[PDB]
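Protein chains in written order, with the authors' numbering: chain A, 99 to 584; chain B, 6 to 51, 56 to 75; chain C, 335 to 362, 367 to 401; chain D, 4 to 10, 13 to 49, 54 to 72; chain E, 15 to 65, 70 to 88; chain F, 27 to 74, 92 to 111; chain G, 2 to 60, 62 to 80; chain H, 5 to 72; chain I, 202 to 267; chain J, 6 to 48, 64 to 84.
Ideal placement from N, C-alpha and C gives every residue a C-beta, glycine not left out.
Since the structure comes first, as C-alpha cells, the remarks are kept for the end.
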Ligand SMILES: Nc1nc2c(ncn2[C@@H]2O[C@H](COP(=O)(O)OP(=O)(O)OP(=O)(O)O)[C@@H](O)[C@H]2O)c(=O)[nH]1
Ligand SMILES: [Mg+2]
C-alpha cells in the first residue's frame, strides 16, 4: 500500500451537527473565503490546529509534539515544512455567538510555494497575514503584500508568536508596545507605498490587527479582550474600551477617565496597563510561582483547576491556562466577518479581476450576484491528487449555481475561447467533497460561495480550468490564468 | 416578603384567580421567587381538570390559600 | 525558527528588561483616537486582573 | 421606584388607570409612588378616611 | 403618612377596608387584612369580595394588583 | 429552575400545552425556557385553530401559564 | 438562551408578531439584547389590514411571538 | 440628547400625547425620573377634545405616551 | 532545597509530596530545586538551544549519508 | 435602545401608545429608547420635536 494519505476515514464530532453546517453553507453571506498566509514557519498550521482544537472536541495536540493538521502529505512531515496549501471549511462563532462559515485556505510560507498562495488568492476573498512578533515583516510577507495589492483583497494582520517577546526576549512592556507599534507603522507604510488606496490603514483600534500565539492558543483583538473585561465587570462598554485601549491613551485613576497625555510621570497607556502588564504578571505567576500563588491567580481570574493540572509541565499547563483564559477564538471570527466580506458582498472586484468577459456581461452580473440559482459556472484553480495518487480531484469555489453529484459538467481550459470548443469536455461529478484537511465530507447540493472538491473532472484540466453547464450553454468566457509572483 | 409564603404554598392546596377569570384550584407543587407557580392535580376554568400545570410570574390576580 | 533567548547573569536585572545586546528598535502618522475624557470614563471597581500581583520574582527568571 | 414629584399635603385630585379620580388631602408617598389620601372623596364622594392609593395604577395627581 | 405605613396599620388593625383590584372595581374586597409583605403583597383574613360576597380566608394579592384600598 | 427543567423534559418527551398571555394555547414540544421565561417551542400547534409553528419564541410578559 | 439563539439566527428570514397584531415577516438585519431589533425587507402585515414592505423596521417588547425558520438544530443552541 | 431636548422645553407650554389617547397642553415646573413631571395649567383633552385645566399636575409617565 | 538529601542513595523516596512512595517511580517537583540542579549540572550540560545547530549533522542526514 | 445610530439622520415613523403614528427626523435619543424626533408629523398634525418613549413606541419603521 501507499502510505501517503494521512486520511481520517471516520468523521469526528466537531461539537455541532452536520445539518447546521449544511444550512450555513447555503448562505454565501455568513461564509467568509479567507486565505491564511505569511512567512515561513509563522504558526499558521498551529493556528489552524488551534481552530481544530476549538471545533473538534476529541482532537488535541500532544504535549511533546506540535501536530500539523493541514500538512497531510508525508513529505511535509519528513521535511518539517509546509509544502501544499490546504482548505478547511468550518462553522465558527464570534463574541456574539453567531455562527459563520469559514472557508480557510492555509498556505505554506514559502516564496517558491507562492503559486499555491496565488491560487488561494484567486479562490478566496480575504487575506490574513501572519507576522512573527520577534522577527517582524520579511521578504515573502512583503511580496505577498505586493501580490495582495495586485489581487485587490481585504487584508487583516494577526501577529503570531507574541510569547517570543516575553519568554524568549524578556522585553519591557513599553519596549514591546514600541516594537508592535513600529510593526504596525511599517505595515501601514508598506500599504501606503504599494497600495494607491489609503482608506485601508491597519490599526488595532480599527479592527485590523489581532494578537496571537498559536502554540498556546492565544487569539484576541481589543474588542475580544474588552469583552473579557466586560464579562468580568459589565459596567464598562467593550466597544468604547476597545476604542480607548491602543495608541497613547492614558488612564486617569483619580477621574477614572482617559486622556491623550500621561497625567503623572511614568504613567502608562490603557493598552499597556490593561493588556501587557497583566499578561506579563500572568506568565510570571506561571513560570515563577506555579505552586505558591498560582491558585490565587486562578481564583483571581475565576478559573478552577485540579491538582494534577497544576502538577503538569510548564508549557502544556500554560497552553491550558491561556485556553481557559481566552476561551475559544472569537476575535479572529470578528476579524474575518466584520472586515473581510462575503462572496456576495465582495464578488464584484474579484470577478472583475478574474473574468476576461468582465462583470459587465450578463453572465458577469450572474457571477457577481453569487446566485445559488441561475448558471452553474465556477473556476477550479487548485486541482489536488488523491491518497493513492492514481486519480485526481479538482477543487474550487462556486461563483454561481449548485453542483450536484451525477449532474453533468463541461470543463473548459485556459486556451478555450468562443471559437475554440476543443477544450470543452463533459463529465458528471462523481462525488462532491467539502474539504477539511484530514477528511472530506460527501455532500450533494453545493450552492454559490462554497469551496468544494470535484470528483471526475480530472481529465481535461491542466492547472486551472473553468466550469460550466454542458447543456443550456451560453456565451461563457474563460477566467484569467494564475499569474504567479515568481 | 412573599418568599416564605411561596415556600409554604409550595406543595399545598390553593386556588388562583387570574385577570382573565382563570380560576384554578389544586395542589401547587412549587412556586419560584418571582411567584412562578407549578401545580399538580388542579382543576382550572376561565375548562376542566388539567392535572400538572404551571404559571408565569404574576399572571394571577389573587391567590386564595386554602 | 531560530531560538534567540536572552540569558541573564544577575537577579538584580528585572525579568522584563531591555538587554543592550538586543539591537534597539529606533521606531519612527497619527492614530484613530476617541475624545479624551469627554466620553467613557471608567466606572468603579474596574481594574487590571493582576494589578495587586507584583510584576516578577527572582524565581521568575529562573523558570 | 421612587416617591412622587410633588413634595402633596394639599387638597388634590388623583386619577388612576381607567380615569377613576378621587380628591382629598394627601399625607405621604411610598417607594412605588403610592399615596395615602385623607378624606379621598371619589369625584365621579366615597371616602373611608384612610385611602391607600397605589402608584402602580395611579396615573396623575393634580391640585 | 406613607401609604406603606397606612397599609401596615390597616394590616395590624385588620380593619374591614374596602379594597378593589388594580383599576378594576368588579370585586370590592371588604374584610380583615392578615399582613403585608415587603413587596406590598397583601394577605386577607376572611375578606368578603362583593362582585356576590364570598369570604374565603387567607387570600394572597400581589403588590401592584390592588389600586384603591380605603 | 428545577420545575422549569422538569417542564422542559416533559415537553421534550410529550406534548406540553402552554397557554400564553396572548391567548395562544400551544400543544407541542417547548424546546427551552429562560429566567425571564423567554420560551422557545419546537413544532407546536398553537390556537390563538391550532396552527402549527415550527419554532415559536415568546416573552415572559406575554406568557401566562404552562401544563404538561 | 433564546436571545442568544435569536442573535445566532439573526440573519435568516423569520416572522415577528407584535402585541398590536403587526406581523413583520422578513430577513433579520440584527437582533439586539432587548426586543428592539432591526429587520430587512419585512412585509409588516397590519392588524386586519394589508402588508407594508419595510426595508428597515426597528422594534420596546411589543414584539411577542417569533416564528423562526428551520436554520436552528436541536444542538445548535443547547 | 433627548433629555437635553426635553430640558430645553422647560418653562414653556407644550402639547403631549397620552397612553389612552388624550392631548394635554401645559407648562412644567419640574420633571421626574419616570416622566412624573409636575406641570401647571395643563389642559387635558381626556381623548375627546374637551380640554380641562388643572394645576400642580404631577402626572406620571405611564399616563403620558409622547409629545403631541 | 537540595541541601539535605543530595547525597542519599534514596534522596526523596520518603517524601510523599515528591515521589509516589518506596517504589521510587515518578517524581513531582518544585521550580527552585530544578533551578539549583540546573545551575549545578552546568559542566555536563550543553549550551545549545535549537536543532538548527545540527543542520546536516543530524540522524536523518546520517541515514542519508549511509 | 440601539436603533438610534441607524436613524440618527434618516426619518423614521413610529406609533405611540395613543395610536398616532408620527414620521419625523430623529435627532437624538435616550438610553431607554426615548427618541427625540424633530419635525415629526403625525397621521394629520404636527408634534414638533417629540420624545417618544421606548414603552410608547410599540411599532416603528424607517420612513426617510
Ligand atoms: N515560539 C513560538 N512558536 C510558535 C508559536 N506558534 C507556533 N509556533 C511554532 O512555529 C512552528 C511552525 O509553524 P507552523 O505551525 O508549521 O505554521 P506555518 O507558519 O504555516 O509553517 P509553514 O508552512 O512552514 O509556513 C510550529 O511547529 C510551532 O512549534 C508561538 O506562539 N510561539
Ligand atoms: Mg505550516
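Please confirm whether residue 229 of chain I has its beta-carbon closer than 8 Å to some beta-carbon of chain A.
By 1-based counting over the ninth chain, the position of residue 229 of chain I is 28. True, the Cβ-Cβ gap to chain A drops below 8 Å.
Please list the terminal residues of the continuous alpha helix (DSSP H) segment that includes residue 166 of chain A.
On the first chain, position 68 is the one that residue 166 of chain A refers to. Run containing residue 166 of chain A: none; DSSP gives neither H nor E here.
Ignore the nearest five residues each way along the sequence and tell me which others in residue 72 of chain E's own chain have a CB closer than 8 Å to its CB.
In the fifth chain, the residue the question calls residue 72 of chain E occupies position 54. Correct list, in chain order: 62.
State the Cα-Cα distance for the pair residue 17 of chain E and residue 63 of chain D, rounded to the nearest angstrom.
In the fifth chain, counting from the first residue as 1, residue 17 of chain E sits at position 3. In the fourth chain, counting from the first residue as 1, residue 63 of chain D sits at position 54. So the two alpha carbons sit approximately 8 Å from each other.
Terminal residues of the continuous alpha helix (DSSP H) containing residue 466 of chain A?
As a first step, residue 466 of chain A is located in the first chain; it is residue number 368 there, counting from the start. Start and end: 460–466.
Report back the beta-carbon spacing between residue 574 of chain A and residue 461 of chain A to the nearest angstrom; my notes put them in contact at under 8 Å.
Stepping through the first chain from its first residue, residue 574 of chain A is reached at position 476. Stepping through the first chain from its first residue, residue 461 of chain A is reached at position 363. 6 Å between Cβ atoms; contact.
At a Cβ threshold of 8 Å, is residue 66 of chain D touching chain E?
In the fourth chain, counting from the first residue as 1, residue 66 of chain D sits at position 57. Yes - at least one Cβ of chain E is within 8 Å of the one on residue 66 of chain D.
If residue 230 of chain A and residue 137 of chain A are in contact, beta carbons under 8 Å, what's the gap, nearest whole angstrom?
Mapped onto the first chain, residue 230 of chain A falls at position 132. Mapped onto the first chain, residue 137 of chain A falls at position 39. That pair is a contact at about 7 Å.
Could you give the DSSP three-state label for residue 13 of chain G: helix, strand or coil?
For the purposes of this step, residue 13 of chain G is identified with residue 12 of the seventh chain, where counting begins at 1. Residue 13 of chain G falls in the coil class under three-state DSSP.
Strictly below 8 Å CB to CB, what residues from chain D border residue 37 of chain E?
For the purposes of this step, residue 37 of chain E is identified with residue 23 of the fifth chain, where counting begins at 1. Correct list: 21, 22, 23, 25 and 66.
Name the residue from E:53, E:60 and E:85 whose alpha carbon lies nearest to the alpha carbon of residue 61 of chain D.
Taking the fourth chain and counting its residues from 1, the one referred to as residue 61 of chain D is at position 52. The shortest C-alpha separation from residue 61 of chain D is found at E:85.
Counting only Cβ pairs nearer than 7 Å, list the residues of chain J close to residue 7 of chain H.
In the eighth chain, residue 7 of chain H corresponds to position 3, counting from 1. The contacting residues are 35.
Unbroken alpha helix (DSSP H) runs of length 4 or more, entirely within the stretch 417–460 of chain A: which are they?
As far as the stretch 417–460 of chain A is concerned, its whole alpha helix (DSSP H) runs of at least 4 residues are 429–436 and 445–452.
Kindly list, in the order they appear in chain E, the residues whose Cβ is closer than 7 Å to that of residue 14 of chain D.
Within the fourth chain, residue 14 of chain D is the residue found at index 9, counting from 1. Result: empty, since nearest Cβ-Cβ is about 11 Å, beyond 7 Å.
Name the chain B residues that come within less than 7 Å of residue 87 of chain E, Cβ to Cβ?
What you label residue 87 of chain E is simply residue 69 of the fifth chain in a count that begins at 1. Within 7 Å Cβ-Cβ: nothing; residue 87 of chain E doesn't reach chain B, min ~13 Å.
Which of the three DSSP states, helix, strand or coil, is assigned to residue 59 of chain D?
Here residue 59 of chain D is taken as the residue at index 50 of the fourth chain, counted from 1. Strand at residue 59 of chain D.
Could you tell me whether any non-hydrogen atom of ligand 2 is closer than 7 Å to the CB of residue 133 of chain A?
Here residue 133 of chain A refers to the residue found at position 35 of the first chain. It does not: the Cβ of residue 133 of chain A is nowhere closer than 7 Å to a heavy atom of ligand 2.
Does the beta-carbon distance from residue 200 of chain A to residue 307 of chain A come in below 8 Å?
Residue 200 of chain A sits at position 102 when you count from the first residue of the first chain. Residue 307 of chain A sits at position 209 when you count from the first residue of the first chain. Contact: no.
Per DSSP, residue 45 of chain F is paired with what?
In the sixth chain, residue 45 of chain F corresponds to position 19, counting from 1. Per DSSP, F:51 and F:108.
For a quick check, are the C-beta atoms of residue 114 of chain A and residue 77 of chain G less than 8 Å apart?
Position 16 of the first chain, counting from 1, holds the residue named residue 114 of chain A. Position 75 of the seventh chain, counting from 1, holds the residue named residue 77 of chain G. Going by C-beta atoms, residue 114 of chain A is nearer than 8 Å to residue 77 of chain G.
With 8 Å as the limit, tell me which residues of the stretch 241–264 of chain I have their beta carbon closer than that to any beta carbon of chain C; keep them in chain order.
Answer set for the stretch 241–264 of chain I: 250, 251 and 253.
Using the rule of at least 16 other Cβ atoms within 10 Å of the residue's Cβ for burial, across every protein chain shown, is residue 469 of chain A buried or exposed?
Position 371 of the first chain, counted from the first residue, corresponds to residue 469 of chain A. With 16 or more other Cβ atoms within 10 Å, it is buried.
Please classify residue 531 of chain A: is it buried, with 16 or more other beta-carbons within 10 angstroms of its beta-carbon, or exposed?
Reading the first chain from its first residue, position 433 is the one you call residue 531 of chain A. Flag for residue 531 of chain A reads buried.
Closer than 8 Å, CB to CB, is residue 469 of chain A near chain G or not?
Translated into positions along the first chain, residue 469 of chain A becomes position 371. No, residue 469 of chain A lies away from the interface with chain G (no Cβ there is under 8 Å from its Cβ).
Can you tell me whether residue 394 of chain A is buried or exposed? The criterion is at least 16 other CB atoms within 10 Å of its CB, across all chains shown.
Locating residue 394 of chain A in the first chain gives position 296, where the first residue counts as 1. With fewer than 16 other Cβ atoms within 10 Å, it is exposed.
Is DSSP giving residue 67 of chain G helix, strand or coil here?
Position 65 of the seventh chain, counted from the first residue, corresponds to residue 67 of chain G. It is a strand residue.
What are the start and end residues of the alpha helix (DSSP H) that includes residue 103 of chain F?
Within the sixth chain, numbered from 1, the residue matching residue 103 of chain F stands at position 60. Looking at the DSSP string, residue 103 of chain F is not in any alpha helix (DSSP H), and its letter there is neither H nor E.
Closest by CA to residue 256 of chain A, which one among A:195, A:267, A:219 and A:320?
Taking the first residue of the first chain as position 1, residue 256 of chain A is located at position 158. The option with the nearest alpha carbon to residue 256 of chain A is A:320.
Using a C-beta cutoff of 8 Å, does residue 354 of chain A count as contacting chain C?
Within the first chain, residue 354 of chain A is the residue found at index 256, counting from 1. At least one chain C Cβ lies under 8 Å of residue 354 of chain A.
Should the stretch 63–74 of chain F be regarded as contacting the stretch 43–54 of chain F, the criterion being three or more beta carbon pairs within less than 8 Å?
Contact between the stretch 63–74 of chain F and the stretch 43–54 of chain F is present, because at least three Cβ pairs lie under 8 Å.
To the nearest angstrom, how far is the alpha carbon of residue 367 of chain C from that of residue 285 of chain A?
Along the third chain, read from residue 1 onward, the residue named residue 367 of chain C stands at position 29. Along the first chain, read from residue 1 onward, the residue named residue 285 of chain A stands at position 187. Those two C-alpha atoms are separated by around 13 Å.
Which residue from A:523, A:559 and A:578 puts its Cα closest to that of residue 569 of chain A?
Position 471 of the first chain, counted from the first residue, corresponds to residue 569 of chain A. Closest option to residue 569 of chain A, Cα to Cα, is A:523.
Which value, in whole angstroms, describes the spacing of the CA atoms of residue 527 of chain A and residue 105 of chain A?
Here residue 527 of chain A is taken as the residue at index 429 of the first chain, counted from 1. Here residue 105 of chain A is taken as the residue at index 7 of the first chain, counted from 1. Straight-line Cα distance between these residues: approximately 22 Å.
Drop a sphere of 10 angstroms on the beta-carbon of residue 4 of chain D, count the other beta-carbons inside from all chains shown, and report buried for 16 or more, exposed for fewer.
Here the question's residue 4 of chain D lines up with position 1 in the fourth chain. It is exposed - the Cβ of residue 4 of chain D has fewer than 16 other Cβ atoms within 10 Å.
Quick one: residues in its chain with C-beta nearer than 6 Å to the C-beta of residue 577 of chain A, no 5 flanking neighbours on either side, listed in chain order?
In the first chain, the residue the question calls residue 577 of chain A occupies position 479. 452, 453, 477 and 564.
Is there a C-beta anywhere in chain E that falls below 8 Å from the one on residue 6 of chain B?
For the purposes of this step, residue 6 of chain B is taken as residue 1 along the second chain, with counting starting at 1. True, the Cβ-Cβ gap to chain E drops below 8 Å.
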